[PDB]
Amino acid sequence: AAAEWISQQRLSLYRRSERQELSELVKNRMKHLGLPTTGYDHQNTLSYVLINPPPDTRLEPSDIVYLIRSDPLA
Amino acid sequence: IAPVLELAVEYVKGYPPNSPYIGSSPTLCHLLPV
Amino acid sequence: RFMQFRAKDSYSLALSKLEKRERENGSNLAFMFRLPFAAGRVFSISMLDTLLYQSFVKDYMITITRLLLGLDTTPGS
């Protein structure tokens, strides 16, 4: 009855995506090198730089404001 | 000839573990047990 | 033609004339009657170029070849 199990994996490997292929390649190399697979567990964002925006622009969350901090020793 | 009908060490069989590259189609192969 | 070359061989030397006639009639398969190729002793990767050019007209051609070669494995094929 092993052929039934073989067919199960065969459909699974055929249905598997490229992300799973890339994910398994990293994990295969990690166990070969001895590193735990967990912790390897995508970038759905768009970022840009605003040079000197007007004083009326709204502050959104996760915003990073470039600062020129004065010399602490002076 | 019968007519065509209108109506119908030993090796393990598995997939090679370490795929060398991405896109290598997994073929069930004759594999060494170890 | 230089795969298994018998210089003192009238038959293989006569195949040269046949391939020149086929090359005369504009045949793209002129190497076809060389004995090593017809026997499967030689092939060229330039056939893969023709496979890619053919796919402009036959979008199934690359898939069919890999199915025959086993390069792609579809369940039930």
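Entry numbering is not used for residues: they are numbered from 1 along each chain in the order the sequence is written, which may differ from it, and residues without coordinates are omitted. Here the convention is simple: chains get letters from A, ligands get numbers from 1, in the order in which they are written. Just a portion of a larger assembly is displayed, and each value is taken over that portion. Heavy atoms throughout the structure, all of them, feed into the side-chain values; hydrogens and water do not. Residues with missing side-chain atoms are left out of burial classes, side-chain pairs and their counts.

This entry lists cryo-EM as its structure determination method and reports a resolution of 2.64 Å.

Taken together, the contacts link 9 residues of chain B with 10 residues of chain A. Here the quantity called buried area is the accessible surface, traced with a 1.4 Å probe, that two parts lose on coming together, added over both. In total, chain B and chain A occlude about 760 Å² of area from one another, counting both sides; carbon and sulfur atoms represent 66% of this. Here, a salt bridge means any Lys or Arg side-chain nitrogen found within 4 Å of an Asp or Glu carboxyl oxygen. Where chain B touches chain A, the interface holds 0 salt bridges. Polar contact is defined as a pair of N or O atoms within 3.5 Å, subject to the rule that within protein one atom must be able to donate a hydrogen and the other to accept it, and that residues adjacent in sequence are counted only when both atoms are side-chain atoms. Joining chain B to chain A, the criterion identifies 1 residue pair in polar contact. Should any heavy atoms of two residues lie within 4.5 Å, those residues are counted as being in contact.

Only DSSP runs of H or I covering at least 4 residues are called helices, and only runs of E covering at least 2 are called strands; the numbering of each starts at the N terminus. Here a helix's expected span is defined as the number of its residues, less one, multiplied by 1.5 Å. With 16 residues, helix α2 (residues 18-33) of chain A extends 23 Å from end C-alpha to end C-alpha; this agrees with the ideal 22 Å at 1.5 Å per step. Type-normalised accessible area, obtained with a 1.4 Å probe on protein chains alone, sets the label of each residue: buried when under 20%, exposed when over 50%, and partly exposed for intermediate values. Buried residues of α2 of chain A: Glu21, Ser23 and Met30 of chain A, and no others.

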